[PDB]
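S.K.:
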Amino acid sequence: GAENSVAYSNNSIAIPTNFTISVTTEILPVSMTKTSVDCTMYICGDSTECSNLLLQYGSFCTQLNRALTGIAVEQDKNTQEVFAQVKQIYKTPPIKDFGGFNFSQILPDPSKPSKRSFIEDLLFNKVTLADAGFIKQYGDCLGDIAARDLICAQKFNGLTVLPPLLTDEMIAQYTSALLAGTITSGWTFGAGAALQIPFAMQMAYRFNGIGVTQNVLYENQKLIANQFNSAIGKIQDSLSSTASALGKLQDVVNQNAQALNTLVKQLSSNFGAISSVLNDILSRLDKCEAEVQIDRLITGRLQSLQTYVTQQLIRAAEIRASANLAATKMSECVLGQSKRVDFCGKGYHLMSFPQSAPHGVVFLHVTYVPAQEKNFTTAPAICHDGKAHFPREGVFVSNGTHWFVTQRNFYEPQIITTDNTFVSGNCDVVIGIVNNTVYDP
Amino acid sequence: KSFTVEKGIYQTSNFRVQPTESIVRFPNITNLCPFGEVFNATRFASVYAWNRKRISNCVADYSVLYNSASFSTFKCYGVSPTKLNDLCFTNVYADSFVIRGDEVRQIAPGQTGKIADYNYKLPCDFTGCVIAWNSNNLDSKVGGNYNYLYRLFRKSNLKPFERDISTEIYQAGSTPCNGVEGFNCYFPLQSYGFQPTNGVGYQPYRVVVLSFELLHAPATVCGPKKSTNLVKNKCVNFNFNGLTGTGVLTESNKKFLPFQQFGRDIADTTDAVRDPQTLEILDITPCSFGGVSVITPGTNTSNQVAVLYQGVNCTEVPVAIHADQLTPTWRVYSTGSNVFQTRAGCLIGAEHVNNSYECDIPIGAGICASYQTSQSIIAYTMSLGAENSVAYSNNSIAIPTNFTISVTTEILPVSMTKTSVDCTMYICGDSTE
Amino acid sequence: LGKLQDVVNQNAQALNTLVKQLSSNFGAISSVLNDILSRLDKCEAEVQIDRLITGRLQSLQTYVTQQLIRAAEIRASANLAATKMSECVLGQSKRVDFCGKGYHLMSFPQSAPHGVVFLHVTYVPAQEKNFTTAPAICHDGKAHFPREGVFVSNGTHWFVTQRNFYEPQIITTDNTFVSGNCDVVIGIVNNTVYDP
Amino acid sequence: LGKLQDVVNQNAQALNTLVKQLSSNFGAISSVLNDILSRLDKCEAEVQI
Ligand SMILES: *[C@@H]1O[C@H](CO)[C@@H](O[C@@H]2O[C@H](CO)[C@@H](O)[C@H](O)[C@H]2NC(C)=O)[C@H](O)[C@H]1NC(C)=O
Ligand SMILES: *[C@@H]1O[C@H](CO)[C@@H](O[C@@H]2O[C@H](CO)[C@@H](O)[C@H](O)[C@H]2NC(C)=O)[C@H](O)[C@H]1NC(C)=O
Ligand SMILES: *[C@@H]1O[C@H](CO)[C@@H](O[C@@H]2O[C@H](CO)[C@@H](O)[C@H](O)[C@H]2NC(C)=O)[C@H](O)[C@H]1NC(C)=O
Ligand SMILES: *[C@@H]1O[C@H](CO)[C@@H](O[C@@H]2O[C@H](CO)[C@@H](O)[C@H](O)[C@H]2NC(C)=O)[C@H](O)[C@H]1NC(C)=O
Ligand SMILES: *[C@@H]1O[C@H](CO)[C@@H](O[C@@H]2O[C@H](CO)[C@@H](O)[C@H](O)[C@H]2NC(C)=O)[C@H](O)[C@H]1NC(C)=O
Ligand SMILES: CCCCC/C=C\C/C=C/CCCCCCCC(=O)O
Ligand SMILES: *[C@@H]1O[C@H](CO)[C@@H](O)[C@H](O)[C@H]1NC(C)=O
Ligand SMILES: *[C@@H]1O[C@H](CO)[C@@H](O)[C@H](O)[C@H]1NC(C)=O
Ligand SMILES: *[C@@H]1O[C@H](CO)[C@@H](O)[C@H](O)[C@H]1NC(C)=O
Ligand SMILES: *[C@@H]1O[C@H](CO)[C@@H](O)[C@H](O)[C@H]1NC(C)=O
Ligand SMILES: *[C@@H]1O[C@H](CO)[C@@H](O)[C@H](O)[C@H]1NC(C)=O
Ligand SMILES: *[C@@H]1O[C@H](CO)[C@@H](O)[C@H](O)[C@H]1NC(C)=O
Ligand SMILES: *[C@@H]1O[C@H](CO)[C@@H](O)[C@H](O)[C@H]1NC(C)=O
Ligand SMILES: *[C@@H]1O[C@H](CO)[C@@H](O)[C@H](O)[C@H]1NC(C)=O
Ligand SMILES: *[C@@H]1O[C@H](CO)[C@@H](O)[C@H](O)[C@H]1NC(C)=O
Ligand SMILES: *[C@@H]1O[C@H](CO)[C@@H](O)[C@H](O)[C@H]1NC(C)=O
Ligand SMILES: *[C@@H]1O[C@H](CO)[C@@H](O)[C@H](O)[C@H]1NC(C)=O
């Protein structure tokens, strides 16, 4: 990266005088495809003799089905714990009098039949084969036999994709509830019932939270609002242009589809048998050698299924980790203001907004970034009349002529007074103290 | 694999359907095969000049051979002999010759000796079968037949199914003898002496090797079975050109090349067949369509259930499930009054309810089911929760005046059982071997 | 205590599945080593027993793999429990909904078979009242903002109140602070500020 | 720095176990492909391999 050398000195401080309000998009997978498998059909193409031979294994694919059902239940659990943080389905007021902040892009659009917002619509467009499962209805596999779609081969070999419990509309409704609570009630709708608060005052709370006084909001409200709106516009273009915006989700989709395709391809292996087709074996050999060849094939295909289930358990563990992270982010950044650094964006965290996405969630972290800075001459304390003065909040600063106190993250100089500072002992122990006079009102 | 099922929705294996009928469809050919020419021949060829005969447009009855001919050895590789009636053979060649009795063992894959290296070699990956019978009363005369010759010397062993009828003098020694006989170079072909009185191992044996390959090409030599009709749109035990399987056969649209009869998908199972009689194309599908999930309150509560079929259209459920092949206890669940078409699929056995409750048994796609009391199973779109609309205004604030001190229990697992395994005892029950 | 009982059940079920999987032939003539070793001589006993050994070793490998998955999950839960004990028992956590629904006061641990139980004691504001608010107060041309709390009105007079409890107190110099003139802030109202 | 050295050891041990597991017969006549391919003709070489 760019080599840099900060101009550190023992009495020089860089204080900001201006800021920016950034909006950072960041995307977490939450769930994956609730795959299910019929062991009998996959291993044996509904032939009686192979089924009879598979009968004496029995416990193996009982275990496999148990594992896959656990995975599916875990996926539903993941989605619920991420999105169903609350249960009171709040709705936005008809009036969007939010102090100049424009939420139309993220709030629901009632014109569309589905209540996805604009950004959620873009996100659902960016991921290609999200569903590719339960949507595929029979008859298409018998009507469009010419195309030879992968899903049809998966269905004919017992590999099905179960539908998620929460539909996209229901998840979007949860998201709308979270948004409405965030932008009307502040953080209080997580800690018990939802209160109400004017949005500008909620913003003032957040600014007071990140250690800058509330007044600079009121003094720069319109500007801040404009900045926020512009940031949203930048998101509305940034994820609209490129195609790899939602890579992390599309990769998950691809892994699941690829795994199923590898399984139906692995059906083509001999596994040491005379042929990979049960029908050839059962039409070319009498009972006993058919038993032994079919046993070889059964063991091989059961091994392939066990491999698939093991990889699915690995991937489900990873998705559960990501879903736990998403739940923590929704709890700590949507439902409240997080003091943890770089947990919810690059900069001091103001708020976050959730947006649904296919098999995942998207957080728009709105954050405060100090932008323009000025050098100043500082000193850790002030000696007035033999006693030392230290600031309660802020640091001592000088423009070259006079000294003031300033809050850490914004240049708001104000004259030295008794109430700005406090006194602790004589001024002959502290290093770097300077002389000045302290106004007493 | 237990009686007491608990409350929930379970994915269950497709045992409901059972086949009921068999279909045999063999080509309309009736010419009995030339058994007379390759078995009842006046004279066979010498082993070094073994005679190859194409065979096509046959019906391999081979019960006619039971009447007269008795075969000392009849070994079949790649096919179990009991199945030879249930098959159609594509590229059938008969390789006929005569040897002595002791060398009949050399007509087999992976053998070595005079016959297996210098005269007649079979490949390792040999599909086909070998017949040999003693012929002392035909191919041996007093004084000894010398019409049967074998190649005694060769510089290198033969490749499979390779003939070598050269008669150049074999230079055994290191001095070339320029095309004449004498010392240290011999005439390679030596004549069997088949007296009618010598031992069994020096008695002439006639051998025919039938070489063919199976279930990959248009088969012209068919078995002696009797064809039946074609039952489509119903899952049957089909036997097409010996390819024996079970499934539903339907019409299709594939541009098969003239030299192809079987089509295979990515899984390599056969999917497209060409009917031998009427040169059309058929597609084979399974008759367990796929997911059939069963929804139930757990036993110790009741014994009623519902059934979801994933992805089917509620109109076409009975044909995809093949309800006509099922018992009435299944046909009640195939279709009834309690039809519901979810985007997850078709649900039968529970009445749809326009209300919305926080739900017990999830089904999918926003649908849940529960066993309510009207003591049956209901299905509904699950309720997200209480709709609310906070009364936001730009100068109104809700401040609390009182509080509560709640205590919330929440439970985390920390450890699990420290299991240990002795591999030797588990795998081997303390047996030494 | 479902979450613990499920763990117990998974471990027991896994072991039961293993001893049940001992009953499989794995392509051998029988699933019993004694039958094989009493019906066959050396060489075919070797090959049948090798088939059985490979099958049972595969079953054991499957068991160990599933145990590793489950142990990873338990380690994740144990790391979460350690973090909760550190951040909520040993201290007061500001993270929202980490240690109960509401503002976190404390937590108490309790042991349990193969797990831990946290009693999170938390503060939940219960009864609320509407009020007319304003972000600031213009006294004599300058704007007044509260240090801690928000400006509130019951309809007649204005007070400052801490965020999470209605404790109104009269406007004074020490309750508020001044920043510039009162012609830039939106929503400011007029009132008088007591000076002691 | 045990926690890191253990990771290193696990990776090295895993690779060593793999190259040691190359020495198993797995029910074949021998664990060496060269022995199998020099003692048997095509078909039984196919099945052993
Ligand atoms: C702080 O930064 C903002 C820009 O991020 C400045 O606002 C812009 O100022 C220029 C000229 O004054 C205008 O042309 C722009 O229209 C303003 N941007 C917006 C979004 O309104 C602002 O002037 C800076 N404040 C200080 C004290 O320097
Ligand atoms: C919030 O931002 C949008 C711009 O993205 C403002 O303009 C709307 O843009 C959309 C799509 O371009 C149109 O469907 C709307 O008709 C536009 N609004 C109007 C009044 O025409 C939108 O106005 C902004 N919201 C507010 C309250 O100002
Ligand atoms: C700050 O002010 C005090 C007194 O005004 C200074 O203290 C004197 O410094 C001179 C420097 O030589 C000494 O000669 C005196 O003896 C000191 N008198 C006392 C009472 O301390 C002090 O030096 C000043 N410090 C700075 C950084 O300006
Ligand atoms: C096929 O014909 C070739 C050529 O005659 C044979 O290869 C030669 O065999 C002789 C005797 O072993 C050698 O002296 C030559 O060096 C070989 N020439 C080449 C180019 O290989 C070959 O042995 C014959 N194949 C069979 C199965 O008989
Ligand atoms: C708060 O008080 C000030 C002065 O008492 C008001 O300012 C005057 O408002 C009237 C309204 O028409 C104007 O005619 C005067 O020109 C204003 N004088 C000055 C010095 O500003 C102010 O309007 C009051 N604001 C509220 C919300 O009550
Ligand atoms: C001196 C005795 C032999 C010493 C060498 C021992 C073993 C290796 C040679 C093995 C071949 C044995 C003779 C087989 C002859 C061909 C038989 C046939 O194909 O018809
Ligand atoms: C502060 O001083 C250093 C060196 O004098 C200089 O490099 C730096 O640019 C100054 N900071 C700003 C914001 O100008
Ligand atoms: C520094 O601050 C004082 C305070 O009034 C001001 O008078 C002076 O002009 C300022 N000087 C510079 C260089 O900013
Ligand atoms: C700060 O650094 C300078 C030289 O780099 C030194 O002269 C000065 O004494 C230092 N300030 C203090 C309080 O020590
Ligand atoms: C065979 O021959 C006739 C004429 O090609 C054809 O119509 C018939 O369907 C075929 N099958 C049988 C059993 O005759
Ligand atoms: C073969 O020959 C014998 C007598 O020569 C005769 O009885 C028999 O029917 C013939 N069998 C065949 C298949 O031609
Ligand atoms: C099971 O049956 C017994 C006796 O009827 C009853 O006490 C118990 O509550 C039942 N438990 C469940 C889960 O149904
Ligand atoms: C099949 O499902 C579709 C819904 O997309 C429906 O329009 C159609 O009517 C159904 N087919 C029949 C025969 O009902
Ligand atoms: C349920 O809602 C549908 C659609 O409005 C309607 O057709 C049906 O009559 C309703 N049934 C009941 C019992 O309310
Ligand atoms: C506050 O005002 C709204 C509408 O005037 C009302 O619905 C709500 O009940 C009020 N809040 C309380 C605690 O009464
Ligand atoms: C509002 O607060 C003032 C402060 O004294 C009080 O006098 C008045 O009675 C209160 N009015 C209402 C409606 O609460
Ligand atoms: C608050 O909303 C009302 C109408 O909804 C509006 O008249 C009023 O001007 C708004 N308050 C401010 C400070 O803009």
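Protein chains in written order, with the deposited numbering: chain A, 700 to 1140; chain B, 304 to 676, 689 to 748; chain C, 945 to 1140; chain D, 945 to 993.
Every residue, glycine too, gets a C-beta built ideally from N, C-alpha and C.
Check this for me: beta carbons of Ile-1018(A) and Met-740(A), under 7 Å apart or not?
M.R.: Not closer than 7 Å, so no.
S.K.: Using 7 Å as the limit for Cβ to Cβ distance, is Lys-814(A) near chain B?
M.R.: False, the Cβ-Cβ gap to chain B never drops below 7 Å.
S.K.: By the DSSP assignment, the alpha helix (DSSP H) with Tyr-449(B) in it spans what residues?
M.R.: Here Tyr-449(B) belongs to no alpha helix (DSSP H), and DSSP marks it neither H nor E.
S.K.: Just the Cα atoms here: how many angstroms apart are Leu-948(C) and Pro-728(B)?
M.R.: Going from the Cα of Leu-948(C) to the Cα of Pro-728(B) covers about 6 Å.
S.K.: Going along chain C in order, which residues have a C-beta closer than 8 Å to the C-beta of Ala-713(B)?
M.R.: What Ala-713(B) touches in chain C: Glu-1072, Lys-1073, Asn-1074 and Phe-1075.
S.K.: Pull up the distance between the alpha-carbon of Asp-950(A) and that of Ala-1056(A), whole angstroms please.
M.R.: Computed Cα separation, rounded: 14 Å.
S.K.: Taking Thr-1136(C) as the reference, which of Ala-1087(C), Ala-1022(C), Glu-1031(C) and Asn-1023(C) has the closest Cα?
M.R.: The candidate whose alpha carbon is nearest that of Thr-1136(C) is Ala-1087(C).
S.K.: Tell me which residues pass a beta-carbon proximity test against ligand 8: closer than 7 Å to any heavy atom, given in chain order.
M.R.: This selection yields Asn-1098(A), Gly-1099(A), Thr-1100(A) and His-1101(A).
S.K.: Note down, in chain order, every chain C residue with its Cβ under 8 Å from the Cβ of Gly-744(B).
M.R.: Within chain C, the residues near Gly-744(B) are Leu-977 and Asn-978.
S.K.: Work out the CA separation of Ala-713(B) and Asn-658(B) for me, nearest whole Å.
M.R.: Each residue's Cα considered, the two are about 33 Å apart.
S.K.: Assign residue 1151(C) to buried or exposed, taking buried as 16 or more other Cβ atoms, counted over all protein chains shown, within 10 Å of its Cβ.
M.R.: Since the first and last residues shown for chain C are 945 and 1140, residue 1151(C) lies out of range.
S.K.: For the stretch 887-960 of chain A, list the alpha helix (DSSP H) runs that are entirely contained and at least 4 residues long, ordered along the chain.
M.R.: 898-908, 914-918 and 920-940, all fully within the stretch 887-960 of chain A.
S.K.: Could you tell me how far apart the beta carbons of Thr-393(B) and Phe-543(B) are, in whole angstroms, since I believe they sit closer than 8 Å?
M.R.: Not quite, the Cβ-Cβ distance comes to about 14 Å (not below 8 Å), so this is no contact.
S.K.: According to DSSP, simplified to helix, strand and coil, what is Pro-621(B)?
M.R.: Note: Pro-621(B) maps to helix in three-state DSSP.
S.K.: Which chain B residues sit within Cβ distance under 9 Å of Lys-986(D)?
M.R.: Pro-412, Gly-413, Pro-426, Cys-427 and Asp-428, listed in chain order.
S.K.: Using the rule of at least 16 other Cβ atoms within 10 Å of the residue's Cβ for burial, across every protein chain shown, is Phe-1089(C) buried or exposed?
M.R.: Answer is buried; the Cβ neighbour count reaches 16.
S.K.: Does the Cβ-Cβ distance between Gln-1054(A) and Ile-870(A) come in under 7 Å?
M.R.: Cβ distance not < 7 Å, so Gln-1054(A) and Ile-870(A) don't count as in contact.
S.K.: Going by DSSP, what residues sit across from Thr-602(B) in a beta bridge?
M.R.: Looking at the DSSP assignment, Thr-602(B) forms no beta bridge with any residue, so it has no partner.
S.K.: Quick one: list the residues of chain A neighbouring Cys-590(B), beta-carbon separation under 8 Å, in chain order.
M.R.: In chain order: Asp-745.
S.K.: For the stretch 1092-1113 of chain C, enumerate the residues whose C-beta is nearer than 7 Å to any C-beta of chain B, in chain order.
M.R.: Listed by position along the chain: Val-1094, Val-1096, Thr-1105, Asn-1108, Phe-1109 and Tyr-1110.
S.K.: Where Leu-611(B) and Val-597(B) are concerned, what is the direct C-alpha to C-alpha distance, given to the nearest angstrom?
M.R.: One C-alpha to the other measures close to 6 Å.
S.K.: Tell me whether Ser-459(B) counts as near ligand 4, meaning its Cβ is closer than 6 Å to at least one heavy atom of that ligand.
M.R.: Yes, the beta carbon of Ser-459(B) sits closer than 6 Å to at least one heavy atom of ligand 4.
S.K.: Quick one: does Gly-946(D) have its CB under 7 Å from some CB of chain C?
M.R.: Not an interface residue.
S.K.: Going by alpha carbons, who is nearest to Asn-751(A) out of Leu-858(A), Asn-1074(A) and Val-991(A)?
M.R.: Comparing Cα-Cα distances from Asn-751(A) to each of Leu-858(A), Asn-1074(A) and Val-991(A), the minimum goes to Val-991(A).
S.K.: With burial defined as no fewer than 16 other Cβ atoms inside 10 Å of the residue's Cβ, what is the status of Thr-547(B): buried or exposed?
M.R.: Buried: at least 16 other Cβ atoms inside 10 Å.
S.K.: Where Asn-370(B) and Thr-385(B) are concerned, what is the direct C-alpha to C-alpha distance, given to the nearest angstrom?
M.R.: Using only the alpha carbons, I get a separation of about 19 Å.
S.K.: Could you give the first and the last residue of the continuous alpha helix (DSSP H) run that contains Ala-1016(A)?
M.R.: Taken as a continuous stretch (DSSP letters only), the alpha helix (DSSP H) holding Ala-1016(A) covers 986-1028.
S.K.: Do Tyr-423(B) and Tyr-495(B) have their CB atoms nearer than 7 Å?
M.R.: Cβ atoms of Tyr-423(B) and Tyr-495(B): not closer than 7 Å.
S.K.: Along the chain, where does the beta strand (DSSP E) that runs through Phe-1089(A) open and close?
M.R.: Element bounds for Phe-1089(A): 1086-1090.
S.K.: Would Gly-1085(C) pass as an interface residue toward chain B - the criterion being a Cβ-Cβ separation below 7 Å?
M.R.: So, not an interface residue.
S.K.: Can you find the residues in the same chain that come closer than 7 Å, C-beta to C-beta, to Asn-1074(A), ignoring five residues on each side of it along the sequence?
M.R.: Within the same chain, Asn-1074(A) has close Cβ partners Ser-711 and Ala-713.
S.K.: For ligand 9, is there any heavy atom lying closer than 6 Å to the beta carbon of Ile-1130(A)?
M.R.: Answer for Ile-1130(A): yes, Cβ within range of ligand 9.
S.K.: Name the one or two DSSP bridge partners that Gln-1054(A) has.
M.R.: In the DSSP output, where bridge partners are listed per residue, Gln-1054(A) has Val-1061(A).
S.K.: Hey, out of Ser-875(A), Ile-794(A) and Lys-795(A), whose CA is closest to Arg-815(A)'s CA?
M.R.: For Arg-815(A), the nearest C-alpha among the options comes from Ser-875(A).
S.K.: Report yes or no: is there a C-beta of chain A within less than 7 Å of the C-beta of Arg-1019(C)?
M.R.: Chain A contact via Cβ: absent.
S.K.: Work out the CA separation of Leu-962(A) and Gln-1005(A) for me, nearest whole Å.
M.R.: Straight-line Cα distance between these residues: approximately 11 Å.
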